[PDB]
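Peer 1: My questions will all concern the structure given below.
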Amino acid sequence: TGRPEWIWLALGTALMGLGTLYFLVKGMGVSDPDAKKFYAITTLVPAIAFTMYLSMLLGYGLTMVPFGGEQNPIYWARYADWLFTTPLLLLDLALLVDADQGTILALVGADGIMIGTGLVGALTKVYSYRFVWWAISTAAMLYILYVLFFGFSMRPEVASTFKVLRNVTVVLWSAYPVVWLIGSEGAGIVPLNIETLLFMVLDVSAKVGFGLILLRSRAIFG
Amino acid sequence: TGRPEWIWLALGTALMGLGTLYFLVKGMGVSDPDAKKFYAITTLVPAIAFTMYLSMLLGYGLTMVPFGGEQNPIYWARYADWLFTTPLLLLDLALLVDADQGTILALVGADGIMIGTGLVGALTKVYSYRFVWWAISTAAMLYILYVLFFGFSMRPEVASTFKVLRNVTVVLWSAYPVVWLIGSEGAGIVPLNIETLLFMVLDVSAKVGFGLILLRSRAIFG
Amino acid sequence: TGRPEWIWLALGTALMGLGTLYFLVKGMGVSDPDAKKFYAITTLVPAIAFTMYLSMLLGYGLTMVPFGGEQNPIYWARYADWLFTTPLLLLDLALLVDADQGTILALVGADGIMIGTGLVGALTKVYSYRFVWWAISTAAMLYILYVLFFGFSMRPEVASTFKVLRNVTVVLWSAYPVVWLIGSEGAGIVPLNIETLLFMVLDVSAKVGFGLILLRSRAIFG
Ligand SMILES: *C/C=C(C)/C=C/C=C(C)/C=C/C1=C(C)CCCC1(C)C
Ligand SMILES: *C/C=C(C)/C=C/C=C(C)/C=C/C1=C(C)CCCC1(C)C
Ligand SMILES: *C/C=C(C)/C=C/C=C(C)/C=C/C1=C(C)CCCC1(C)C
């Protein structure tokens with residue numbers, strides 16, 4: 001299409017599709033109810049991302065938002081994706097370590113706040129206010145990462161995989177606010193095509209990279 | 001109103017309203033926590049459908065979608081209905097057989113995908129792409145039916161009612177993609193008034209017919 | 001801004017922000033998994049309300065709805081707030097008394113119906129029909145209050161705090177339908193600025209007042 005970022009939307013679509021089919025095949029046969037949990041969550045994440053990447057690819061998950069005196073192309077379908085896939089990723093972490101239910105509700109709710117204020121900021125027409133929504137969203141993000149480091153001694157294989165995915169999680173999640181701030185939704189420093197490439201690389205890593213790590217671990221079996 | 005399909009929207013409204021009141025009365029008194037679960041789920045389904053049928057009846061759950069060179073009247077409120085009532089129906093099935101939590105998350109999530117890609121397809125303005133969304137949605141549907149047949153030996157009364165509702169479920173759910181494909185959202189083979197009648201007949205059967213079967217079974221008591 | 005109700009939107013923003021930070025601080029340290037549950041739920045409620053009050057303050061959570069021959073300013077962000085915070089409040093009540101899961105699903109679902117039909121009524125352009133949606137929503141509300149009084153003998157400290165919050169809940173929740181009926185969404189008897197003040201006073205009391213009561217009780221610890 002006439003959008004230079006199309007190629008990154010098509011590659012992300014393909015890679016999310018392929019990861020989904022891989023995990024679907026892989027979880028074939030699994031009977032341990034525990035492992036079953038991790039397979040369902042982990043397979044669903046790139047399945048949802050597949051649909052939202054394809055809706056961006058086809059033009060559906062795109063809208064124009066007037067601000068700073070211009071019609072800015074905003075991919076809102078990323079927030080419909082993240083709204084469901086980021087809590088699922090947190091649930092994977094939470095289940096690994098057998099979190100208390102209050103801690104899980106804390107994470108899911110802070111996550112909802114994170115993504116929904118990101119979406120409000122994305123669609124806000126007063127330029128300055130976009131960054132107020134960014135800051136609140138970033139603060140929800142920092143609460144989540146705090147809880148992942150200070151809110152949780154289980155068996156050695158659980159701990160190790162959990163420590164690895166936790167570190168993956170802090171590194172990739174932390175890059176999202178930066179990308180948003182310098183890209184088309186924020187300061188407009190980086191063109192939309194580079195921005196879309198960056199989000200594609202983070203999304204595939206946090207979704208398909210993260211799940212490859214988890215699903216190859218025996219940490220997922222009781 | 002000026003919409004010939006109005007009569008089917010009014011009959012579905014009435015029938016969903018009546019089923020809701022029936023199940024509400026019927027569940028009056030029930031103390032077995034197990035039965036309580038099935039009564040809550042099963043009563044909520046036509047209560048939600050009542051509201052969405054009435055919003056269609058009154059004109060609120062209707063929007064025009066330009067495609068194939070025309071303004072097509074699309075009843076989007078059916079997807080707001082299904083988004084909540086189809087997982088609830090699956091939960092009824094899942095609870096009957098004491099499914100593992102991973103299997104339940106699999107079903108709910110595939111269901112969300114099913115309905116949300118149905119909704120994207122319903123609102124997509126590029127005619128050809130409508131059917132890509134249809135196919136993905138149908139594939140989520142086929143995953144769900146697969147899990148209902150191969151993803152699950154409990155007491156005889158549980159098994160029997162579960163096998164009956166499962167068969168009801170495959171027969172009616174399978175008709176939805178066909179109706180969509182030949183009706184106003186898809187190939188436009190069947191007029192909207194006939195389409196609305198067909199969805200009304202399926203909806204009442206899958207919602208009020210299904211629940212009459214379940215709630216008369218002693219399978220719902222511990 | 002040019003909206004006289006701005007001051008009440010700014011005060012509610014501030015008060016919800018402050019309550020959120022207070023409860024966040026207060027729950028610092030808490031290790032009893034039970035108390036942890038109540039702290040997560042109770043902190044999340046004004047955190048969400050903070051964001052929705054601020055989105056109203058900044059103009060984002062406002063839309064114009066044509067009806068009765070005029071462009072009526074409708075604050076739709078209140079329904080995005082309530083959609084999540086009213087079930088959370090009900091969960092606090094439900095957990096106190098160790099409700100059965102079927103009773104909790106009953107409450108959450110009737111609540112969803114309550115808020116979603118409130119939102120449909122808020123955005124309906126046919127004046128008379130606005131009040132049909134009001135009545136259905138009020139009936140869902142009356143079901144919820146019924147279940148809170150007749151749908152539930154635990155330890156004395158649980159019962160007492162539960163009876164107090166239940167009474168707080170019936171008194172404040174019952175005022176919402178009245179405000180809606182006489183304010184800008186309904187009969188237009190009371191100007192939007194007074195209406196917004198009334199909702200601000202109810203919201204802070206039901207959210208921050210209610211949680212102060214709960215979180216000072218030892219009822220929240222196992
Ligand atoms: C499915 C992929 C994942 C793990 C994506 C995560 C996205 C984020 C952590 C988003 C965070 C943002 C903020 C903290 C600030 C404002 C904008 C966001 C939504 C990009
Ligand atoms: C409340 C009534 C029920 C059980 C309705 C079920 C609806 C479906 C199974 C819908 C399925 C569809 C697809 C598989 C393809 C595309 C369009 C849909 C959403 C009609
Ligand atoms: C976060 C604050 C709370 C507890 C707000 C509760 C709101 C209600 C109980 C709303 C009820 C309504 C109806 C019963 C009728 C129609 C309109 C509503 C949504 C205002």
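Each residue's number is its place along the chain shown, starting with 1.
Header entry for method reads X-ray crystallography, 1.5 Å.
Quick reminder: no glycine exception, Cβ is built from N, Cα and C everywhere.
Got these off Swiss-Prot a minute ago, pasting:
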type	residues	note
TRANSMEM	A:6-25	transmembrane segment
TOPO_DOM	A:26-39	topological domain 'Cytoplasmic'
TRANSMEM	A:40-58	transmembrane segment
TOPO_DOM	A:59-75	topological domain 'Extracellular'
TRANSMEM	A:76-92	transmembrane segment
SITE	A:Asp81	site 'Primary proton acceptor'
TOPO_DOM	A:93-103	topological domain 'Cytoplasmic'
TRANSMEM	A:104-123	transmembrane segment
TOPO_DOM	A:124-130	topological domain 'Extracellular'
TRANSMEM	A:131-150	transmembrane segment
TRANSMEM	A:164-182	transmembrane segment
TOPO_DOM	A:183-194	topological domain 'Extracellular'
TRANSMEM	A:195-214	transmembrane segment
MOD_RES	A:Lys207	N6-(retinylidene)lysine
Peer 1: Do any residues at least six apart in sequence from A:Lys207 (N6-(retinylidene)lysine), in the same chain, have a Cβ closer than 8 Å to its Cβ, and if so which, in order?
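Peer 2: Spatial neighbours, sequence-distant, of A:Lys207 (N6-(retinylidene)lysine): A:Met16, A:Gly19, A:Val45, A:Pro46, A:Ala49, A:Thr85, A:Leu89.
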Peer 1: Which stretch, A:6-25, A:40-58, A:131-150, tops the Cβ pairs under 8 Å count with the transmembrane segment (A:76-92)?
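Peer 2: Result: A:40-58.
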Peer 1: Sorted by position, what residues of the same chain at least six away from A:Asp81 (site 'Primary proton acceptor') have a C-beta under 8 A from it?
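Peer 2: Long-range Cβ contacts: A:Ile48, A:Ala49, A:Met52, A:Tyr53, A:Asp203.
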Peer 1: Going along the chain, which residues at least six beyond the ends of the topological domain 'Cytoplasmic' (A:26-39) come within the CB cut-off of under 8 Å?
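Peer 2: Distant contacts of the topological domain 'Cytoplasmic' (A:26-39): 92, 95, 214-215, 220-222.
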Peer 1: Apart from its near flanks, which chain residues at least 6 from the ends of the transmembrane segment (A:131-150) lie with a Cβ under 8 angstroms of it?
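Peer 2: Long-range Cβ neighbours of the transmembrane segment (A:131-150): 90, 93, 103, 106-107, 110-111, 113-115, 117-118, 120-121, 124, 166, 169-170, 173-174, 176-177, 180-181, 186.
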Peer 1: Can you tell me which parts of the same chain pack against the topological domain 'Cytoplasmic' (A:93-103), counting only residues 6+ beyond its ends and a CB-CB cutoff under 8 A?
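Peer 2: The answer is 37-38, 41, 147-148, 151-152, 154, 158-159, 161-162, 165-166, 169, 219-220.
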Peer 1: What counts of helix, strand and coil residues does DSSP assign across the topological domain 'Extracellular' (A:59-75)?
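Peer 2: Helix, strand and coil residues of the topological domain 'Extracellular' (A:59-75) number 0 helix, 10 strand, 7 coil.
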Peer 1: What is the three-state DSSP composition of the topological domain 'Cytoplasmic' (A:26-39), stated as helix, strand and coil residue counts?
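Peer 2: Split into helix, strand and coil, the topological domain 'Cytoplasmic' (A:26-39) gives 8 helix, 0 strand, 6 coil.
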Peer 1: By DSSP assignment, list the helix, strand and coil residue numbers for the topological domain 'Extracellular' (A:124-130), in that order.
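Peer 2: Helix/strand/coil tally for the topological domain 'Extracellular' (A:124-130): 4 helix, 0 strand, 3 coil.
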Peer 1: Do you have the Cα distance in Å for A:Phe152 and A:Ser153? The stretch of 5 residues between them isn't modelled.
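Peer 2: Output for the chain break: 8 Å between Cα atoms.
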Peer 1: What same-chain residues lie close to the topological domain 'Extracellular' (A:183-194): Cβ under 8 Å, and 6 or more beyond its ends?
Peer 2: 3-5, 8, 68, 72-74, 121-122, 130-131, 134
Peer 1: For the topological domain 'Extracellular' (A:124-130), what are the same-chain contacts with Cβ under 8 Å, counting residues 6+ beyond its ends?
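Peer 2: Here the qualifying positions are 65-68, 185-186.
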Peer 1: What parts of the chain pack near the topological domain 'Extracellular' (A:59-75), using Cβ distances under 8 Å and only residues at least 6 beyond its ends?
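Peer 2: Those are 1, 3, 52, 122-127, 130, 184-185, 188, 192, 196, in sequence order.
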